[PDB]
Structures are given as structure tokens and as C-alpha cells.
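Have a look at query-v7.txt; it's compact mmCIF, C-alpha atoms:
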# COMPACT_ATOMS: atom_id res chain seq x y z
CA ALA A 2 1.01 24.11 12.80
CA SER A 3 0.99 20.74 11.06
CA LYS A 4 3.94 18.36 11.34
CA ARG A 5 5.82 17.61 8.12
CA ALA A 6 7.16 14.33 6.74
CA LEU A 7 9.72 13.62 4.03
CA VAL A 8 9.42 10.25 2.28
CA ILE A 9 12.38 9.45 0.04
CA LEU A 10 11.35 7.39 -2.98
CA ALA A 11 13.94 5.51 -5.04
CA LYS A 12 13.72 2.94 -7.82
CA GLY A 13 13.15 -0.50 -6.36
CA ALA A 14 11.41 0.84 -3.27
CA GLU A 15 8.74 -1.48 -1.87
CA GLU A 16 5.53 0.25 -2.97
CA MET A 17 3.44 -1.02 -0.05
CA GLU A 18 6.03 0.27 2.43
CA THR A 19 5.90 3.61 0.62
CA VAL A 20 2.16 4.04 0.10
CA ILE A 21 0.95 2.80 3.49
CA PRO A 22 2.97 5.32 5.50
CA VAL A 23 2.21 8.16 3.07
CA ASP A 24 -1.53 7.45 3.18
CA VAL A 25 -1.72 6.89 6.95
CA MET A 26 0.30 10.01 7.77
CA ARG A 27 -1.92 12.12 5.50
CA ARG A 28 -4.97 10.71 7.29
CA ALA A 29 -3.23 12.00 10.42
CA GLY A 30 -3.11 15.57 9.12
CA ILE A 31 0.63 15.38 8.51
CA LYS A 32 1.89 17.30 5.49
CA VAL A 33 3.73 14.62 3.51
CA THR A 34 6.17 15.16 0.68
CA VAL A 35 6.97 12.17 -1.52
CA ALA A 36 10.45 13.08 -2.78
CA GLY A 37 11.97 11.28 -5.74
CA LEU A 38 15.63 10.41 -5.20
CA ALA A 39 16.51 10.41 -8.91
CA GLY A 40 14.40 13.45 -9.72
CA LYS A 41 10.84 14.54 -10.46
CA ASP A 42 10.04 11.66 -12.83
CA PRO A 43 7.86 8.62 -12.00
CA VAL A 44 9.51 5.91 -9.91
CA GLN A 45 9.26 2.24 -10.82
CA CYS A 46 8.87 0.34 -7.54
CA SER A 47 9.96 -3.21 -6.68
CA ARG A 48 6.76 -4.81 -7.95
CA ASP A 49 6.47 -2.46 -10.95
CA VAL A 50 3.89 -0.12 -9.45
CA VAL A 51 4.75 3.34 -10.79
CA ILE A 52 4.45 6.25 -8.37
CA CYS A 53 4.75 9.95 -9.24
CA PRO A 54 6.67 11.85 -6.53
CA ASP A 55 5.41 15.24 -5.34
CA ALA A 56 8.85 16.67 -6.08
CA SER A 57 12.54 15.90 -6.46
CA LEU A 58 14.63 15.23 -3.36
CA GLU A 59 16.82 18.16 -4.38
CA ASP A 60 13.87 20.55 -4.26
CA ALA A 61 12.17 18.91 -1.27
CA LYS A 62 15.44 19.16 0.66
CA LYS A 63 15.48 22.93 0.13
CA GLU A 64 12.16 23.06 1.98
CA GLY A 65 13.55 23.28 5.50
CA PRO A 66 13.82 20.38 7.99
CA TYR A 67 11.04 17.83 8.50
CA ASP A 68 9.59 16.37 11.69
CA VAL A 69 10.38 12.94 10.27
CA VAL A 70 12.40 11.50 7.39
CA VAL A 71 10.97 8.19 6.19
CA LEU A 72 12.97 5.53 4.36
CA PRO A 73 10.85 2.82 2.69
CA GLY A 74 12.29 -0.65 2.21
CA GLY A 75 12.77 -2.86 -0.81
CA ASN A 76 16.25 -4.25 -1.44
CA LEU A 77 17.07 -2.29 -4.59
CA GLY A 78 15.45 0.83 -3.17
CA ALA A 79 17.45 0.56 0.06
CA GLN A 80 20.65 0.13 -1.97
CA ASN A 81 19.90 3.31 -3.90
CA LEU A 82 19.26 5.20 -0.66
CA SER A 83 22.47 3.78 0.83
CA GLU A 84 24.58 4.94 -2.13
CA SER A 85 23.14 8.46 -2.18
CA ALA A 86 25.25 11.33 -0.84
CA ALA A 87 22.15 13.51 -0.78
CA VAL A 88 20.49 10.99 1.53
CA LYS A 89 23.62 10.88 3.69
CA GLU A 90 23.49 14.65 4.19
CA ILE A 91 19.76 14.67 4.94
CA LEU A 92 20.00 11.94 7.58
CA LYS A 93 23.10 13.50 9.15
CA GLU A 94 21.24 16.81 9.49
CA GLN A 95 18.09 15.16 10.85
CA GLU A 96 20.07 13.21 13.43
CA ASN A 97 22.04 16.34 14.35
CA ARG A 98 18.91 18.44 14.84
CA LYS A 99 17.42 15.58 16.86
CA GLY A 100 14.67 14.86 14.36
CA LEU A 101 12.88 11.54 13.92
CA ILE A 102 14.16 9.06 11.33
CA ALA A 103 11.97 6.11 10.39
CA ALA A 104 13.07 3.16 8.24
CA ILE A 105 11.35 -0.10 7.35
CA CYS A 106 12.31 -3.49 5.89
CA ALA A 107 15.69 -3.16 4.16
CA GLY A 108 15.46 0.61 4.62
CA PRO A 109 17.42 0.57 7.92
CA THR A 110 20.54 -0.63 6.08
CA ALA A 111 20.69 2.90 4.68
CA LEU A 112 21.28 4.05 8.26
CA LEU A 113 24.29 1.74 8.50
CA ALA A 114 25.64 2.94 5.15
CA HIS A 115 25.49 6.54 6.37
CA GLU A 116 26.65 5.81 9.93
CA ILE A 117 23.38 7.00 11.45
CA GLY A 118 22.37 6.26 15.04
CA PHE A 119 25.05 3.68 15.81
CA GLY A 120 24.33 1.95 19.10
CA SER A 121 20.58 2.04 18.57
CA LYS A 122 18.37 -1.00 19.06
CA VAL A 123 16.88 -1.69 15.63
CA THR A 124 14.93 -4.21 13.60
CA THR A 125 14.77 -4.91 9.86
CA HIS A 126 13.29 -7.50 7.56
CA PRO A 127 14.64 -10.92 8.64
CA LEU A 128 16.60 -11.22 5.38
CA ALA A 129 18.32 -7.87 5.95
CA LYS A 130 19.53 -8.63 9.48
CA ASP A 131 23.01 -9.82 8.50
CA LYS A 132 23.66 -6.75 6.35
CA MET A 133 22.40 -4.46 9.11
CA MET A 134 24.52 -6.18 11.75
CA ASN A 135 27.81 -6.15 9.82
CA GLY A 136 30.26 -4.78 12.39
CA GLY A 137 27.83 -4.99 15.29
CA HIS A 138 27.09 -1.27 15.20
CA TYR A 139 23.49 -1.79 16.34
CA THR A 140 21.69 -4.19 18.67
CA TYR A 141 19.09 -6.35 16.94
CA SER A 142 15.42 -6.71 17.82
CA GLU A 143 12.63 -8.95 16.50
CA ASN A 144 9.91 -6.51 17.56
CA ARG A 145 7.57 -5.68 14.68
CA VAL A 146 8.25 -2.00 15.37
CA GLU A 147 11.29 -0.79 17.29
CA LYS A 148 11.69 2.77 18.51
CA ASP A 149 14.92 3.73 20.23
CA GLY A 150 14.77 7.46 20.82
CA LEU A 151 14.66 9.20 17.45
CA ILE A 152 15.42 6.03 15.47
CA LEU A 153 12.26 4.13 14.55
CA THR A 154 12.49 0.91 12.55
CA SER A 155 10.15 -1.82 11.34
CA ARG A 156 10.29 -5.22 9.61
CA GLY A 157 8.34 -5.45 6.36
CA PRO A 158 5.21 -4.94 4.21
CA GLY A 159 3.15 -6.64 6.91
CA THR A 160 4.34 -4.25 9.62
CA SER A 161 3.77 -1.12 7.49
CA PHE A 162 0.57 -0.10 9.28
CA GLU A 163 2.13 -0.50 12.73
CA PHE A 164 5.17 1.42 11.45
CA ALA A 165 3.02 4.26 10.09
CA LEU A 166 0.86 4.49 13.22
CA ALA A 167 3.99 4.55 15.38
CA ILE A 168 5.20 7.55 13.38
CA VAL A 169 1.82 9.23 13.78
CA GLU A 170 1.88 8.71 17.55
CA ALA A 171 5.42 10.09 17.75
CA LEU A 172 4.46 13.23 15.80
CA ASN A 173 0.83 13.88 16.75
CA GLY A 174 0.13 11.78 19.85
CA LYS A 175 -1.77 8.67 20.90
CA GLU A 176 -5.23 10.23 20.58
CA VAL A 177 -4.70 11.10 16.92
CA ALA A 178 -3.13 7.71 16.19
CA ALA A 179 -6.19 5.96 17.64
CA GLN A 180 -8.55 8.22 15.67
CA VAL A 181 -6.73 7.48 12.41
CA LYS A 182 -6.55 3.76 13.18
CA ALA A 183 -10.26 3.01 13.73
CA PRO A 184 -11.45 3.66 10.14
CA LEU A 185 -8.69 1.41 8.74
CA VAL A 186 -10.34 -1.79 9.96
CA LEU A 187 -7.06 -3.25 11.23
CA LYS A 188 -6.74 -5.94 13.93
CA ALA B 2 0.21 -20.66 -17.87
CA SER B 3 0.05 -17.80 -15.39
CA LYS B 4 -3.27 -16.48 -14.11
CA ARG B 5 -4.15 -12.90 -15.04
CA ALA B 6 -5.66 -10.09 -12.97
CA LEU B 7 -7.32 -6.84 -13.99
CA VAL B 8 -7.21 -4.02 -11.44
CA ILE B 9 -9.42 -1.06 -12.36
CA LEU B 10 -7.95 2.23 -11.14
CA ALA B 11 -10.10 5.35 -10.93
CA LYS B 12 -9.56 8.80 -9.44
CA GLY B 13 -10.24 8.72 -5.72
CA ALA B 14 -9.32 5.06 -5.39
CA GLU B 15 -7.81 4.14 -2.03
CA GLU B 16 -4.11 3.75 -2.91
CA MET B 17 -3.39 1.19 -0.19
CA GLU B 18 -6.28 -0.98 -1.39
CA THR B 19 -4.87 -0.70 -4.91
CA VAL B 20 -1.16 -1.21 -4.27
CA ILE B 21 -1.37 -4.01 -1.71
CA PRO B 22 -3.34 -6.37 -3.97
CA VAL B 23 -1.25 -5.47 -7.03
CA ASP B 24 2.01 -6.09 -5.17
CA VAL B 25 0.87 -9.28 -3.43
CA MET B 26 -0.58 -10.80 -6.60
CA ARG B 27 2.64 -10.08 -8.50
CA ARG B 28 4.59 -11.78 -5.72
CA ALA B 29 2.27 -14.71 -6.43
CA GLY B 30 3.34 -14.92 -10.07
CA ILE B 31 0.04 -13.50 -11.28
CA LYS B 32 0.24 -11.27 -14.35
CA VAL B 33 -1.41 -8.06 -13.16
CA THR B 34 -2.65 -5.21 -15.31
CA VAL B 35 -3.33 -1.90 -13.58
CA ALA B 36 -5.95 -0.38 -15.89
CA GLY B 37 -6.81 3.30 -15.69
CA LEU B 38 -10.55 3.95 -15.90
CA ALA B 39 -10.19 7.46 -17.35
CA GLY B 40 -7.33 6.54 -19.65
CA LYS B 41 -3.57 6.01 -19.73
CA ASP B 42 -2.70 9.08 -17.65
CA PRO B 43 -1.61 9.06 -13.98
CA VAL B 44 -4.38 8.60 -11.42
CA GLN B 45 -4.64 10.80 -8.34
CA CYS B 46 -5.73 8.53 -5.49
CA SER B 47 -7.78 9.37 -2.38
CA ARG B 48 -4.76 10.46 -0.34
CA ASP B 49 -3.05 12.15 -3.29
CA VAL B 50 -0.62 9.34 -4.10
CA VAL B 51 -0.25 9.37 -7.89
CA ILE B 52 -0.11 6.00 -9.64
CA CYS B 53 0.68 5.40 -13.32
CA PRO B 54 -1.54 2.64 -14.77
CA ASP B 55 -0.03 -0.01 -17.03
CA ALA B 56 -2.66 0.83 -19.63
CA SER B 57 -6.12 2.26 -20.24
CA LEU B 58 -9.17 0.20 -19.32
CA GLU B 59 -10.24 0.44 -22.96
CA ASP B 60 -7.04 -1.24 -24.12
CA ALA B 61 -6.77 -3.64 -21.17
CA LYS B 62 -10.34 -4.76 -21.83
CA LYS B 63 -9.41 -5.75 -25.37
CA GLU B 64 -6.89 -8.17 -23.86
CA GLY B 65 -9.24 -11.11 -23.39
CA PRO B 66 -10.91 -12.14 -20.09
CA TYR B 67 -9.05 -12.20 -16.77
CA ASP B 68 -9.03 -14.80 -14.01
CA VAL B 69 -10.05 -12.01 -11.63
CA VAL B 70 -11.32 -8.44 -11.89
CA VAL B 71 -10.33 -6.37 -8.85
CA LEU B 72 -12.17 -3.27 -7.68
CA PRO B 73 -10.27 -1.17 -5.11
CA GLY B 74 -12.20 0.92 -2.62
CA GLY B 75 -12.15 4.60 -1.74
CA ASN B 76 -15.47 6.45 -1.80
CA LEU B 77 -14.81 8.68 -4.80
CA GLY B 78 -13.09 5.84 -6.64
CA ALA B 79 -16.01 3.49 -6.01
CA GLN B 80 -18.42 6.16 -7.27
CA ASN B 81 -16.43 6.48 -10.49
CA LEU B 82 -16.46 2.71 -10.96
CA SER B 83 -20.21 2.62 -10.24
CA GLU B 84 -20.96 5.27 -12.87
CA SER B 85 -18.86 3.63 -15.59
CA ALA B 86 -20.62 1.76 -18.39
CA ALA B 87 -17.30 0.19 -19.35
CA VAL B 88 -17.04 -1.25 -15.84
CA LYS B 89 -20.64 -2.47 -16.05
CA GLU B 90 -19.87 -4.42 -19.22
CA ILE B 91 -16.66 -5.90 -17.82
CA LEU B 92 -18.31 -7.15 -14.62
CA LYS B 93 -21.33 -8.49 -16.51
CA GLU B 94 -19.01 -10.49 -18.78
CA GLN B 95 -16.88 -11.75 -15.88
CA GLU B 96 -19.95 -12.86 -13.94
CA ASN B 97 -21.38 -14.48 -17.08
CA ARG B 98 -18.19 -16.42 -17.81
CA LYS B 99 -18.08 -17.43 -14.15
CA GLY B 100 -14.90 -15.50 -13.42
CA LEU B 101 -13.82 -14.19 -10.02
CA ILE B 102 -14.72 -10.63 -9.02
CA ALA B 103 -13.03 -9.11 -5.98
CA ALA B 104 -14.01 -5.80 -4.38
CA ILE B 105 -12.83 -4.09 -1.19
CA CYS B 106 -13.99 -1.26 1.09
CA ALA B 107 -16.49 0.89 -0.83
CA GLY B 108 -15.61 -1.04 -3.99
CA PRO B 109 -18.48 -3.55 -3.53
CA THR B 110 -21.04 -0.77 -4.03
CA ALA B 111 -19.97 -0.87 -7.67
CA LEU B 112 -21.40 -4.39 -7.76
CA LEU B 113 -24.76 -3.05 -6.58
CA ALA B 114 -24.69 -0.24 -9.13
CA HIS B 115 -24.16 -2.77 -11.92
CA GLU B 116 -26.51 -5.42 -10.50
CA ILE B 117 -23.71 -7.95 -10.06
CA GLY B 118 -24.07 -11.09 -7.95
CA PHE B 119 -27.35 -10.19 -6.25
CA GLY B 120 -28.11 -12.61 -3.43
CA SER B 121 -24.45 -12.97 -2.49
CA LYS B 122 -23.22 -12.71 1.08
CA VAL B 123 -20.91 -9.69 1.09
CA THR B 124 -19.00 -7.31 3.33
CA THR B 125 -17.83 -3.72 2.82
CA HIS B 126 -16.29 -0.97 4.89
CA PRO B 127 -18.61 -0.31 7.86
CA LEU B 128 -19.45 3.15 6.48
CA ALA B 129 -20.50 1.70 3.11
CA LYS B 130 -22.90 -0.90 4.52
CA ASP B 131 -26.06 1.19 4.18
CA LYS B 132 -25.32 2.05 0.55
CA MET B 133 -24.53 -1.58 -0.23
CA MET B 134 -27.70 -2.81 1.47
CA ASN B 135 -30.13 -0.39 -0.21
CA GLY B 136 -32.90 -2.70 -1.40
CA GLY B 137 -31.62 -5.74 0.47
CA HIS B 138 -30.11 -7.27 -2.65
CA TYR B 139 -27.26 -8.86 -0.68
CA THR B 140 -26.85 -10.39 2.76
CA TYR B 141 -24.37 -8.56 4.97
CA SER B 142 -21.33 -10.00 6.74
CA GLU B 143 -18.82 -8.55 9.20
CA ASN B 144 -16.12 -11.03 8.22
CA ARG B 145 -12.86 -9.29 7.31
CA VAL B 146 -12.92 -11.19 4.02
CA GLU B 147 -16.07 -12.72 2.58
CA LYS B 148 -16.06 -15.13 -0.35
CA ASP B 149 -19.38 -16.34 -1.69
CA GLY B 150 -18.63 -18.36 -4.80
CA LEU B 151 -17.08 -16.05 -7.38
CA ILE B 152 -17.85 -12.88 -5.41
CA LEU B 153 -15.04 -11.99 -3.00
CA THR B 154 -15.31 -8.90 -0.81
CA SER B 155 -13.36 -7.24 1.98
CA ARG B 156 -13.67 -4.34 4.44
CA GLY B 157 -10.89 -1.76 4.24
CA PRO B 158 -7.21 -0.71 4.10
CA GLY B 159 -6.53 -2.91 7.11
CA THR B 160 -7.97 -6.02 5.46
CA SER B 161 -6.10 -5.45 2.17
CA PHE B 162 -3.49 -8.14 2.83
CA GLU B 163 -6.11 -10.73 3.78
CA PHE B 164 -8.09 -9.68 0.70
CA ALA B 165 -5.06 -10.05 -1.59
CA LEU B 166 -4.01 -13.40 -0.13
CA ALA B 167 -7.57 -14.68 -0.49
CA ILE B 168 -7.42 -13.80 -4.19
CA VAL B 169 -4.05 -15.55 -4.49
CA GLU B 170 -5.42 -18.71 -2.86
CA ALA B 171 -8.45 -18.66 -5.16
CA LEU B 172 -6.28 -18.35 -8.27
CA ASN B 173 -3.08 -20.24 -7.40
CA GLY B 174 -3.87 -22.34 -4.33
CA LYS B 175 -3.11 -22.47 -0.62
CA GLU B 176 0.51 -23.54 -1.02
CA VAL B 177 1.37 -20.49 -3.12
CA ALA B 178 -0.57 -18.18 -0.81
CA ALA B 179 1.42 -19.45 2.18
CA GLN B 180 4.71 -19.07 0.29
CA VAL B 181 3.90 -15.48 -0.66
CA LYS B 182 2.69 -14.68 2.86
CA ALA B 183 5.78 -15.67 4.87
CA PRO B 184 8.15 -12.97 3.54
CA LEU B 185 5.57 -10.25 4.24
CA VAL B 186 6.02 -10.44 8.01
CA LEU B 187 2.27 -10.30 8.68
CA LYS B 188 0.53 -11.59 11.83
Go ahead and render the structure in this file as C-alpha cells.
Amino acid sequence: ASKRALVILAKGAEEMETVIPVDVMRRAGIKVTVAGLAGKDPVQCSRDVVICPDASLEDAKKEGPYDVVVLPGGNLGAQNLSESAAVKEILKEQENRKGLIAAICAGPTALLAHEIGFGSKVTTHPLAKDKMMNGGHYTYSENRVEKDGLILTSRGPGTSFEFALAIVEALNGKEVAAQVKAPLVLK
Amino acid sequence: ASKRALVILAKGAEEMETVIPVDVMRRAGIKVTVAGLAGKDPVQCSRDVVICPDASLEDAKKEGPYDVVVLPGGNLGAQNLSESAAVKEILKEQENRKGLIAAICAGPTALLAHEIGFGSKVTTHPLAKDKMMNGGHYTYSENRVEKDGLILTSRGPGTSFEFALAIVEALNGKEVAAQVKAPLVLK
């Protein structure tokens, strides 16, 4: 069967950090569901790009567990994710079932807000470090992509490809990741 | 005043090649208009990401000339751009007025279809080279970003950031490009 990914899209989400992983994972044969936090309506991203989610988080949630739950960054988007009880439940369940959780940029602060994976080595956008480290519940890393067990984090728009490919490797293996990477014309 | 950019969005367009330049240019203070080729309705991109254009190409066109006309890639999207008479007129006018034209991935083949900038040194996605070189109307380059005068081209999803930053430098200068680049956490 094909692995499945849940991407939670909220207003203020960084559109590059949303689209790059969605696109790359789909190139990997992963069944991706772009779930709107607020509902089924179009989401206005941080730089005003408007994306239409495949479904509402409420409905997507009802579609069994996913092999990975992806949290895009963007300050306002991360704040929305952090204040959502629905998101809290989803991450709690994913962590409990030992499923992968991937967050990029300011996205990881949602993990702190919902007390997810405390003790994990994580990274975030440089400007989100202080917020993420409030209380010292995680150990900080400057690696472009950081994967501590089932907690995978990344730094920003510029690390989106590395972040996406790391998720692909975790779900479908190194061979698939390399196959998907070549046509992208990356480094 | 602020520079203005026209991004032409067609069905099948590569969403990463569309969103990255739009986002980066907006970070640069450039007024960007995402114009839908088919109309004002949402556009289904190559990897099914659905983007809502700011306006129709027909209406965007009526909004005077732009400092840059951007053509995203994606095979099906490039084909749509190449078959559009509206696009032909827009590029002809931009070239005539000596305005910048930027195309990435398969996007440059739209230039060939509309006989734009013949004789220019250009690059495209590796798989689009043969189509672009039919007739030998351009000279090929393997540079990740190629800028020959007012014709700026790039190779693929993985060169999108370099492509966008090149456009920013061309419109607003090196200082602004560097300022916009730092927060992205690129190479």
C-alpha cells in the first residue's frame, strides 16, 4: 500500500513550506491530504498565496491515522496550529501510536504548545529558537534538518526540499528519495 | 514606486515554481499579480495543489505593463502557455518595450512557441532541452540560472529560489536580494 501524509494548513502558513513538501511527497507516491485547519475554504498564506485544501481537518482527521503529520511554518500559521485543540489531539495520537511528526520553521513551536516529544533534539527557524526553547524542554540544533526518532524538524523556506526529502526517505526509503530528487535539479 | 510582476498561472503549472517566485518577490517588496490564464477560478497545478489567482490574465493584462513577466514551468502548464494567443501578445509587448521576461523549467518553451528572444542563451529543465532547441533558435546553457539581457531562464523546482532571487536582483538590486535571502535559510 501507499504511505499517507496529513498536511495541516492554517491561515498565515508559509506557502513555500506547505507546497514544497506536498509536491515532493506526491512525486514520491505518497497519498497526501492538504487539510484546512479552519475548514474546507481557501487558506490565505503568509505571502497572500491562496491555497485550496483537499478537505477540512475535521473530515481528514476522521480518515484514520497517517504515516506522517506535517506542520508547515510561518509565524501566524504556527500560532494558529499551536492554539488548536484539534491539532493537539492529532499530535498526541500520532506520538502515542509512534507515528512520524514533521515540523518546519516556526512549525515546531506547535509541538511545544501541545507538549509533544519533550526531550527531543530539534531545530527551528533561527528567529523561533527562543520561543521553542522556553523552559528548556528540547535540546537545540542548527542542523538544516534534524530527525530525533519520530520527531523531524527543519529550519525554513530554504530547507524545505531537504525537509521534504527527509520525510520521503523516512516513509519510502533512500532509493525512492534519490529517484524523486534527481528530476528536481537541486544541489 | 514599487516594481510590479505578472505571474501567469495555467493548469498543470509546477506549483513550487509558481509559489517560490511569488513568495520571494513579495518578500522583496515587489507588487505581484498571480494571473490565471483560463480565468479567475482556482488552478489545479501539476501535483494537484490548487491555487487561487489574484485575477484573470484578461483583467491583469489591462493593468498596464509589468517590470517582469514570469512563466512558471510544468510540462502541461508550459503547453497551455505556449498555445495561448493572450500570452503571445503579452510577451511580444514585454519584449518590445524592453521589459524583463523570466521563465523556468519547461516554461522557456513558451518563448520558442511565441518566437520570443531568438538568439538568446537560455537554459531549461534537462528534459525540455530538445523541445527548446528545435530549430536551433537559441544557444543552450547548463547554468542553474541564465540571464541574457532581458531574457532570464532557469532549470527546475530546485533552482526556483535562485531564479526568484535573480529576478529580485534585476528589479530591486543586489542589496535587496541579499536582505531577502538571509531569512530564507538557503545555502
Sorted by chain and rising residue number, list the residues of chain A at most 8 Å from chain B (counting all atoms listed in the file), each with its closest atom pair and distance in Å to one decimal, as CSV.
residue,atom,partner,partner_atom,distance
A:16,CA,B:20,CA,7.0
A:17,CA,B:21,CA,5.9
A:20,CA,B:17,CA,6.2
A:21,CA,B:17,CA,5.9
A:23,CA,B:50,CA,7.8
A:24,CA,B:48,CA,5.6
A:27,CA,B:48,CA,6.7
A:28,CA,B:48,CA,7.6
A:43,CA,B:53,CA,8.0
A:48,CA,B:24,CA,5.7
A:50,CA,B:52,CA,7.3
A:51,CA,B:53,CA,5.2
A:52,CA,B:52,CA,4.7
A:53,CA,B:51,CA,5.2
A:54,CA,B:51,CA,7.5
A:126,CA,B:186,CA,7.9
A:156,CA,B:186,CA,6.9
A:157,CA,B:186,CA,5.7
A:158,CA,B:185,CA,5.3
A:159,CA,B:187,CA,4.2
A:160,CA,B:187,CA,6.5
A:162,CA,B:159,CA,7.9
A:185,CA,B:159,CA,5.1
A:186,CA,B:159,CA,4.9
A:187,CA,B:159,CA,4.2
A:188,CA,B:159,CA,7.5
How far is it from atom CA of residue B:56 to atom CA of residue B:36, in Å with one decimal?
->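 That distance, rounded to one decimal, is 5.1 Å.
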Place a sphere of radius 12 Å on (24.6, -4.0, 18.2) in the file coordinates and name every protein, DNA or RNA residue with an atom inside or on its surface, counting only C-alpha atoms; give the answer as a PyMOL selection string.
-> chain A and resi 113+118-124+130-131+133-142
Would you write out those residues with C-alpha atoms, as an mmCIF file, in the frame of the given file?
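The resulting file, selection-v1.cif, is shown below:
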data_model
loop_
_atom_site.group_PDB
_atom_site.id
_atom_site.type_symbol
_atom_site.label_atom_id
_atom_site.label_comp_id
_atom_site.auth_asym_id
_atom_site.auth_seq_id
_atom_site.Cartn_x
_atom_site.Cartn_y
_atom_site.Cartn_z
ATOM 1 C CA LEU A 113 24.290 1.740 8.500
ATOM 2 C CA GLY A 118 22.370 6.260 15.040
ATOM 3 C CA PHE A 119 25.050 3.680 15.810
ATOM 4 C CA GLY A 120 24.330 1.950 19.100
ATOM 5 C CA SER A 121 20.580 2.040 18.570
ATOM 6 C CA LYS A 122 18.370 -1.000 19.060
ATOM 7 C CA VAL A 123 16.880 -1.690 15.630
ATOM 8 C CA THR A 124 14.930 -4.210 13.600
ATOM 9 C CA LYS A 130 19.530 -8.630 9.480
ATOM 10 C CA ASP A 131 23.010 -9.820 8.500
ATOM 11 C CA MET A 133 22.400 -4.460 9.110
ATOM 12 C CA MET A 134 24.520 -6.180 11.750
ATOM 13 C CA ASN A 135 27.810 -6.150 9.820
ATOM 14 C CA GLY A 136 30.260 -4.780 12.390
ATOM 15 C CA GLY A 137 27.830 -4.990 15.290
ATOM 16 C CA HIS A 138 27.090 -1.270 15.200
ATOM 17 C CA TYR A 139 23.490 -1.790 16.340
ATOM 18 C CA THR A 140 21.690 -4.190 18.670
ATOM 19 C CA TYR A 141 19.090 -6.350 16.940
ATOM 20 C CA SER A 142 15.420 -6.710 17.820
#
Of the candidates B:167, B:88, B:10, B:111, which one gets nearest to residue B:179 if we count only C-alpha atoms?
->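 The answer is B:167, which sits nearest to residue B:179.
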Quick one: distance from atom CA of residue A:102 to atom CA of residue A:41 in Å, one decimal?
->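 According to the coordinates, atom CA of residue A:102 and atom CA of residue A:41 are separated by 22.7 Å.
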Any chance you could model N, CA and C atoms for stretch 48-71 of chain B and send them as a CSV table (one decimal), keeping the file's coordinate frame?
chain,number,residue,atom,x,y,z
B,48,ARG,N,-5.7,9.7,-1.2
B,48,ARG,CA,-4.8,10.5,-0.3
B,48,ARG,C,-3.6,11.1,-1.1
B,49,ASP,N,-4.0,11.5,-2.4
B,49,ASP,CA,-3.0,12.2,-3.3
B,49,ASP,C,-1.8,11.4,-3.8
B,50,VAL,N,-1.7,10.1,-3.6
B,50,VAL,CA,-0.6,9.3,-4.1
B,50,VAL,C,-1.0,9.2,-5.6
B,51,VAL,N,0.0,9.5,-6.5
B,51,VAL,CA,-0.2,9.4,-7.9
B,51,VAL,C,0.3,8.1,-8.5
B,52,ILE,N,-0.5,7.3,-9.0
B,52,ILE,CA,-0.1,6.0,-9.6
B,52,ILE,C,-0.3,6.0,-11.2
B,53,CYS,N,0.7,5.5,-11.9
B,53,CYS,CA,0.7,5.4,-13.3
B,53,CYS,C,0.2,4.0,-13.8
B,54,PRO,N,-1.0,3.9,-14.3
B,54,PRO,CA,-1.5,2.6,-14.8
B,54,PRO,C,-0.7,2.0,-15.9
B,55,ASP,N,-0.8,0.7,-16.0
B,55,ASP,CA,0.0,0.0,-17.0
B,55,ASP,C,-0.7,0.2,-18.4
B,56,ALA,N,-1.9,0.6,-18.4
B,56,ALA,CA,-2.7,0.8,-19.6
B,56,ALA,C,-4.0,1.4,-19.3
B,57,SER,N,-4.8,1.7,-20.4
B,57,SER,CA,-6.1,2.3,-20.2
B,57,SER,C,-7.1,1.1,-20.1
B,58,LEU,N,-8.2,1.3,-19.5
B,58,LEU,CA,-9.2,0.2,-19.3
B,58,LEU,C,-9.6,-0.2,-20.7
B,59,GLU,N,-9.8,0.7,-21.6
B,59,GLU,CA,-10.2,0.4,-23.0
B,59,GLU,C,-9.3,-0.6,-23.6
B,60,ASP,N,-8.0,-0.3,-23.5
B,60,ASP,CA,-7.0,-1.2,-24.1
B,60,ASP,C,-6.9,-2.5,-23.3
B,61,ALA,N,-6.9,-2.5,-22.0
B,61,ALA,CA,-6.8,-3.6,-21.2
B,61,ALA,C,-7.9,-4.6,-21.4
B,62,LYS,N,-9.1,-4.0,-21.6
B,62,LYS,CA,-10.3,-4.8,-21.8
B,62,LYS,C,-10.2,-5.6,-23.1
B,63,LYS,N,-9.6,-5.0,-24.1
B,63,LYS,CA,-9.4,-5.8,-25.4
B,63,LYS,C,-8.4,-6.9,-25.2
B,64,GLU,N,-7.8,-7.1,-24.1
B,64,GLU,CA,-6.9,-8.2,-23.9
B,64,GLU,C,-7.5,-9.4,-23.2
B,65,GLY,N,-8.6,-9.9,-23.9
B,65,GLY,CA,-9.2,-11.1,-23.4
B,65,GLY,C,-9.7,-11.1,-21.9
B,66,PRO,N,-10.4,-12.1,-21.5
B,66,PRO,CA,-10.9,-12.1,-20.1
B,66,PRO,C,-9.8,-12.4,-19.1
B,67,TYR,N,-10.0,-12.0,-17.8
B,67,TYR,CA,-9.0,-12.2,-16.8
B,67,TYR,C,-9.6,-13.2,-15.8
B,68,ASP,N,-8.7,-13.8,-15.0
B,68,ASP,CA,-9.0,-14.8,-14.0
B,68,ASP,C,-9.7,-14.1,-12.8
B,69,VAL,N,-9.5,-12.8,-12.7
B,69,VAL,CA,-10.0,-12.0,-11.6
B,69,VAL,C,-10.1,-10.5,-12.0
B,70,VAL,N,-11.2,-9.9,-11.6
B,70,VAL,CA,-11.3,-8.4,-11.9
B,70,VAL,C,-11.4,-7.9,-10.5
B,71,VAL,N,-10.4,-7.0,-10.2
B,71,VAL,CA,-10.3,-6.4,-8.8
B,71,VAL,C,-10.8,-4.9,-8.8
